[PDB]
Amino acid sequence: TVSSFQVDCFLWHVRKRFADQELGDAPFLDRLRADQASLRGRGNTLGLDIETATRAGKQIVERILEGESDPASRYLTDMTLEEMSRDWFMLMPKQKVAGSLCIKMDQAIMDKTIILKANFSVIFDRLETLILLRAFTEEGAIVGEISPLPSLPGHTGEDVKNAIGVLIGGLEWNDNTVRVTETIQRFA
C-alpha cells in the first residue's frame, strides 16, 4: 500500500513528458491532472508526500526494470475486430484443450468451402504468438476456432501448427474443402 503510493508517484513523474510537450489529449491530460490530484489526496490520508514517495519509486521500479526490460517483435492480421469478436455457435459442438490452445469446430458443417484466418505475432519467418484463428464458410459463418488459453506455459509455433492440422483434419472428415490465407500458409 505505501509501496503502491510510491509506485504511482514514480510512474506519473515519467508520464508527464508525452503531453508535457506533444499532442496530448483532453482525457489523457485529464488523467494526468486527476492522477496528480489523486496523489495529493491519497498522500494526506497516508501522511506521506509526493517528493519523498517518487524517490522511493525510482528504486522500487528501476530494480524491477530487470531483466533488461526489453527481438524485433511485430503483428499480422487477417481479421478485423468485428471478425474476431463476432458471435457464432456450433450446432454439433466438438471441442478440446491441446496444451494451452483451445480448439473448436461444428460437426454439422458439410460439403462447404472453408477458409482459415489468423491474427498473430511473428519473429523471423515463423509464428510466435497466436491471438485468434477462425474458420469461415464462403457464406461468412464461423465454423471453427483456435484460441489461446491464459496460462503460465503459453504456447509455441509448433503447438499452433499442430492445432491447425487437427482442425483442418476434423473439418475435412465431412467432405469440406479447407484452405488457409497466405498469412497462415507463409508462417505456419
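We number the residues from 1 along the sequence you see.
- The modelled chain is continuous from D30 to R31, since every residue of the deposited sequence in that stretch has coordinates.
- Remark: stretch with higher mean C-alpha B factor among 60 to 68 and 138 to 146 is 60 to 68.
- Sort the modelled residues of the chain by CA B factor and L130 lands in the middle third.
- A163: CA B factor in the lowest third of modelled residues in this chain (values from the PDB entry).
- When all modelled residues of the chain are sorted by CA temperature factor, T77 is found within the middle third.
- Per the PDB record, residue ranking by Cα B-factor puts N119 in the lowest third of the chain.
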